Amino acid sequence: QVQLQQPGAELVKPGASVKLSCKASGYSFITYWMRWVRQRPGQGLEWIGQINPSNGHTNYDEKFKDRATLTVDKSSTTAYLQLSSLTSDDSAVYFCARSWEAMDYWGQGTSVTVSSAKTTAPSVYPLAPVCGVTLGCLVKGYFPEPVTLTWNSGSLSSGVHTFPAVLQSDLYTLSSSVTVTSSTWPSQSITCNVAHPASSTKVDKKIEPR
Amino acid sequence: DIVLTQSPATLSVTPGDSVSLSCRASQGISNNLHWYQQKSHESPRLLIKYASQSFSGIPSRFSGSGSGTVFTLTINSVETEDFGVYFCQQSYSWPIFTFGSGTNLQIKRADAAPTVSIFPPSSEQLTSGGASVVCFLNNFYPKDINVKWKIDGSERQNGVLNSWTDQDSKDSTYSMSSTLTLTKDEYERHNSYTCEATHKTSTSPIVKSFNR
Amino acid sequence: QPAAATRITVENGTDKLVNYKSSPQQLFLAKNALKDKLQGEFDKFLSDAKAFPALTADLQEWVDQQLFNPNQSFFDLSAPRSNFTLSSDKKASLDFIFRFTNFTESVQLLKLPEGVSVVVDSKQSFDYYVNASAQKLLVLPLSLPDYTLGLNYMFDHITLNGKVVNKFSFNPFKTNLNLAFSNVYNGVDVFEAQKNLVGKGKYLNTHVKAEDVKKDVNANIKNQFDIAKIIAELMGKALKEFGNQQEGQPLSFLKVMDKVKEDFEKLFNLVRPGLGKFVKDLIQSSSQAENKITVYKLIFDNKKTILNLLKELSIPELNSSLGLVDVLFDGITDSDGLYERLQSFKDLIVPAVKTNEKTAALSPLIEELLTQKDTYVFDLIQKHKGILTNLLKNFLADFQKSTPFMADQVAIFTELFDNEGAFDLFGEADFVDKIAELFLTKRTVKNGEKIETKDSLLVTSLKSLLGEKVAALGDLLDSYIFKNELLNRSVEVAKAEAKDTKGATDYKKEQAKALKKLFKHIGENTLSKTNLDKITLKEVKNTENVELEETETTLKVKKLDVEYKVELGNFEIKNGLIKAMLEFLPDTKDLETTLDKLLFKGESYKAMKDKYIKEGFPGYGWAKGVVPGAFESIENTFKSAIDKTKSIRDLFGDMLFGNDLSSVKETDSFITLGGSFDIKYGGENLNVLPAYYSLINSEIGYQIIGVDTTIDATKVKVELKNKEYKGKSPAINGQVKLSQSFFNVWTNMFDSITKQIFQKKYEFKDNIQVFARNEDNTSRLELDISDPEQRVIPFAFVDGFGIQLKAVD
Amino acid sequence: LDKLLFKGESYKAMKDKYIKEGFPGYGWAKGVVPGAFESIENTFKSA
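Residue numbers (PDB author numbering), protein chains in the order written: chain H, 1 to 52, 52A, 53 to 131, 138 to 215; chain L, 1 to 212; chain P, 60 to 868; chain A, 654 to 700.
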């Protein structure tokens, strides 16, 4: 019943302070511990600290005490993470959490990138299977994550496999495949719909025979 | 500090199996332990509290036992969306709450050869000066697989992108994507391209080729 | 303004005790005892690397509050010269020179904790000179919140402003050295008070008077009878509703509990004054209560009672918790504020509770106690069986090693608590059906191979109590008791051979109805109100006066003699009770083989039989062929006399009832207890002592020592209403009638035992203790427990028995 | 025959100490002792 969250996919330049938020609701914000926890993608979990409900006392890690600062907004029931751009490799994901003693809720997380955020619009290529059914959609050279991909504005969902993005040479690549019966394509029009909120760009690409 | 040791590191089973996970400590923590479930690329799900208390919403198929340092998690029936990594976590004291080294639940069912589909570069991409050959290896088991790219019969390792999907939550199969990127001139300087799959299900790699 | 200082670390730690000689290892000593060891221990602490910052901080606060908090509005402080000589030789001296500079243009006066009245004009530097020489600091133990030794360092003589002050006290009632002991406390333990707590014009004799003490002895000898009757009526008025329950609707043990709650209130409040509301709201803290109340509303009301019960307990560590409760509960107007304050202090609550293994077990409970605002204690207990079980078994084991003279009882209770169903007593169920499987079923609590042979608990209690007092009848215990499904249901075997749920297969309902029948018969028939009406107490003398004769630390009573009569009238005991206990006995018609097994199929009986078969019969000798020509017809008579239709229930009834079971009226009486028995508490020159609770307290009570108690039941009648038998159809009827002989021998044995177990001119001696209490919870015996001479430590080891401050040396 | 079988010297020698005591295990059932040593006499006389 607890929803404690707000942001997603944070971008910050080196040398500038950064403020992560987690806004909680649906319970008494005066009766549990707020928590900040860190994880490098593909590795274990590391702690940050606790400050609530009104005692305003905090507990940090010694490995993170000089590193991060925790603040709580009591009226709006929100917690904050302020570590600035002190380090570079820390371009990873975070989580804000609530007391496990009732039960260990969580937030959807906050992925941070410590760079100048050289945004790049996606480039869309249709995977025409030399006329003739399996079709595909390739999105290349976009930044940052994420991008929403649908087939016929999401109306075509059966037999759709969307594949995770990969970062290479500071750019992202994603692919998707759709399988339909041989009697529908190319008779039935199929379009890949790509949306990039960072660039706020919507691209529609019709699959055409070669 | 308290270090929790889990065993085994990897767990490959069949659906519906009664399986256990073992977490041992260096010194007793009474009932100050917890079991959390984490699937790939999202937040954890706490499963069992206090080594003896379950929690609501969690299906009843899970159970736990606890004595001293030797604590055990039990899955009466293994199903597809239970697959993932799991952490045991102490609560005796809170200089942090050490988690274990991790135990990734996994399946062992009916080794399957990948469905391989090769795709030549699009005309729209060729208008941009690039040319990518895209290979899809869908619905194979085990996840261990090798992808080899050959141009005119000669292996090419550069310009290759590989991506993988998570373990399937219906049939527990894996899917992989490969992308060989080249310049338009380089693409037009060669005729035959192939995608080769080395998998344990076949002694001979699965070959998908196309001539330009 | 400020001064010059370097070391302000301030933080410190306590110490540990020693143990010595043959004293029990539990070290809980107090003041005295260690007479000259304290100076040595304080010197050892002074020889630590942490001494100088603590003493520098002490100097800092001393010159802070004493010097310039009553100043600094018109006198700036400067500290040019300041030095200590804290040496490794444990000798320290100090020289201090201070300046007071008044920036204001006025003439004022300097205030110091002495007759200090000095005049300083405007813009002048008043001088302050303090000198102290290297000397052994004196050690005085003040008191801590947990009431420990606050050793503090005193100066023997120091020159302040050039004048010598002796036995100088430094920072009284507040010192920062923080060295303490977890086993040595403050006060006179239990006995050192009894040299000056009583005497010529002491507290007790002034606060005890002849009329009051005789009123107390009358009160003690009445209230015991009162509470006996109240317990008797209460346990049984509960059973009244218990029995009349119709099967199919479960009842919690606490359901009827509120139905007659006013009797519970009266009982517990007449026990301890005012301690009725505490239980009044304790017994309604479950979801089953008609008027449910919150455990916070519960605890908020009567703090005094919680304090009393907490210091009635024997665990010493609990005293530390008593330090915070007032600090916990100051300035609270309602339970909501209590919830708020407990949540606020939960940060301090979690670590100390969670750092002890004993309470590491308790760790979960406190959490949900502090989280949810609607915790109800019985639901709380049923939420977590395991921790309660683990603690309770340890307490039970301690009790078992405490008092071994009831070895089987301390035994039996333990095996009750192994199964986790028992704590369901604080959970909704059917109490009679639940208590049955708690006591009327075999248990198999182990997992080696199978331990169903452990059997039920009541039979274990039986074979424990009657260990060897009988030999032959133990065979019948095996036949009809040790193998009775009504008494031993043999769980997991019932659903093994029937598989159809027959009427006889469900022994559970039969035993439940029998249990309800017995309970209702004892309750509404025997324990009825009219029956309890026919018991009374009558005063006899209440006329003589007791004077107090004293010689120094003595308080005697010249002539103790108090005696009250108790009239039983007609303490009527109806029939049907032992009828119900017979109903407990099996009703199977099979008796022939069992009688053979008792009378004939024995061990020594067959020994005499074989002896007589092979040889014997002096004089006859050779007439052996007809030896199996006589030991067949006599057994034939013993076997034909008994009726196959009759059962062992009828056999026992014949020797108990006389007349047959079919012609028994429960309205008539079996046991008749009439008359009046007297109690003659008396004596001469008996000492009066102060009597105590278990933990540290202000209020006290008293006692009279070694009363010569005599109780005599001469001139009482204890008879059987049906003395003469009436059996028209006895079990062993015929020319070989033995049933009437059994009845006669039963009557003779009853007469003899009533001449022994009943009236036998009982004599005893104890120490009558009374804690006399006023109307408004203001008992007359107490102490200020603020000065370091009125503290009594009930658990401190007797220093006169030998303790030394060294590890086994 | 009663003199021969019962009113002897040895039979009287142990019957009295069965009357006053004996019967191991029973012990206090002294009252039934002349409740068993008449029935056998009655049977023998009736025979």
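Don't be surprised by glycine CBs; every beta carbon is placed ideally from N, CA and C.
Where residue i falls: helix, strand or coil (DSSP)
i: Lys501(P); result: coil
i: residue 252(H); result: Residue numbering for chain H in the displayed model covers 1 to 215; residue 252(H) lies beyond these limits and cannot be assessed.
i: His216(P); result: strand
i: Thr68(H); result: strand
i: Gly533(P); result: helix
i: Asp154(P); result: strand
i: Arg708(P); result: helix
i: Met667(P); result: helix
i: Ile374(P); result: coil
i: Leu85(H); result: coil
i: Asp186(P); result: strand
i: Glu608(P); result: strand
i: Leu334(P); result: coil
i: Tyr79(H); result: strand
i: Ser110(H); result: strand
i: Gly684(P); result: coil
i: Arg832(P); result: coil
i: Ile107(L); result: strand
i: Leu126(L); result: helix
Beta-bridge partners of residue i, as assigned by DSSP
i: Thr153(H); result: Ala200(H)
i: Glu598(P); result: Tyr623(P)
i: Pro749(P); result: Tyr761(P)
i: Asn138(L); result: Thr115(L)
i: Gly66(L); result: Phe71(L)
i: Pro200(P); result: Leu210(P)
i: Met176(L); result: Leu137(L) and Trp164(L)
i: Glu196(L); result: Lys148(L) and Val207(L)
i: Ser30(L); result: According to DSSP, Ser30(L) bridges with nothing at all.
i: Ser735(P); result: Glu626(P)
i: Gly141(H); result: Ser182(H)
Start and end residues, beta strand (DSSP E) containing residue i
i: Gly765(P); result: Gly760 to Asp771
i: residue 40(P); result: Nothing in the structure corresponds to residue 40(P), since chain P is present only between 60 and 868.
Continuous alpha helix (DSSP H) stretch holding residue i: start and end
i: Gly99(P); result: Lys96 to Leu105
i: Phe327(P); result: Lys320 to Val330
i: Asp655(P); result: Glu651 to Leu658
i: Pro112(P); result: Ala110 to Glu120
Cβ-based neighbour list, residue i, same chain, cut-off 8 Å, excluding 5 preceding and 5 following
i: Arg109(L); result: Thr14, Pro15, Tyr141 and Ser172
i: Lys351(P); result: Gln343, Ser344, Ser345 and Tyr435
i: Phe404(P); result: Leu387
i: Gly628(P); result: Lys593, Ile594, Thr595 and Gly733
Residues near residue i in its chain [Cβ-Cβ closer than 6 Å; skip 5 each side]
i: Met714(P); result: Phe801, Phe802 and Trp805
i: residue 286(L); result: Residue numbering for chain L in the displayed model covers 1 to 212; residue 286(L) lies beyond these limits and cannot be assessed.
i: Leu180(L); result: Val133, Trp149, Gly159 and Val160
i: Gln304(P); result: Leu310
Own chain residues within Cβ distance below 7 Å of residue i, not counting five before or after
i: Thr613(P); result: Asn746
i: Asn328(P); result: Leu334 and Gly335
i: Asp317(P); result: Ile342, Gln343, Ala348 and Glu349
Please determine if the region 649-668 of chain P and the region 731-749 of chain P are in contact, where contact requires at least 3 C-beta pairs separated by less than 8 Å. no
Pair every Cβ in the region 74-84 of chain H with every Cβ in the region 11-20 of chain H, then say whether three or more of these pairs are closer than 8 Å. yes
Take every Cβ of the region 714-729 of chain P, pair it with every Cβ of the region 659-666 of chain P, and state whether three or more of those distances are shorter than 8 Å. no
Contact between the region 283-295 of chain P and the region 583-599 of chain P is defined here as three or more beta-carbon pairs at a separation below 8 Å; is this criterion met? yes
Stretch-stretch touch, CB-based, cutoff 8 Å, three pairs: the region 485-495 of chain P with the region 559-574 of chain P: yes
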